[PDB]
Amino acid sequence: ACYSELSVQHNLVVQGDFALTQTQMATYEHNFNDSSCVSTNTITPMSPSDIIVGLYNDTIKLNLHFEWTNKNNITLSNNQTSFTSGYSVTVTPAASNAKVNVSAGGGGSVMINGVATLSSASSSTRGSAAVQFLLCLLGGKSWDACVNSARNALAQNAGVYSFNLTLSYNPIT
């Protein structure tokens, strides 16, 4: 079993001339160490969801598409505590009718918890956390509230390893 709730945060600066390139990609890699892991363990990357980010009173809407660098389970040997994970995010313009998931209000930066999450929890727990998350999101609650609820569900008697992201965009105009 593993039991820790661990996170890491990175910064993504959307370049000022994104409006001309209309795409940008970043890749992040982190080595987690959960010293509570005992015996052998399987760490599962949860399928991520695209996130629509609204900036400048949602007049700029960006589609964030997340993908695991490796989607396969991570297996830890007996009393192994460390593992490497990571993801790429691709930022593209969102469709004009896209519903904003995370909003910067008047500004150009947002903080997003849990853009990509791994868990040592069981299939049952992860499956039900995943469906409740998407439901919670459609239900109107904030991304943060939904991801917190999911993390707490995954972390009950298991480990959770989260990537968080700060995105900022100061467009040329």
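Position 1 is the first residue in the sequence shown; the rest follow in order.
- For the segment pair 77-85 and 95-103, the entry gives 95-103 the higher mean B-factor, averaged over Cα atoms.
- Looking at 23-31 and 117-125 together, the entry lists the larger mean B-factor for 117-125, computed on C-alpha atoms.
- For the set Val13, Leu165, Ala153, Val160, the maximum C-alpha B-factor listed in the entry falls on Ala153.
- Of the residues listed, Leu62, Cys136, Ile112, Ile43, the entry assigns the biggest Cα temperature factor to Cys136.
- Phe66: CA B factor in the middle third of modelled residues in this chain (values from the PDB entry).
- Split the chain's modelled residues into thirds by C-alpha temperature factor. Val131 is in the highest one.
- Compared with the other modelled residues of the chain, the Cα B-factor recorded for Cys2 ranks in the middle third.
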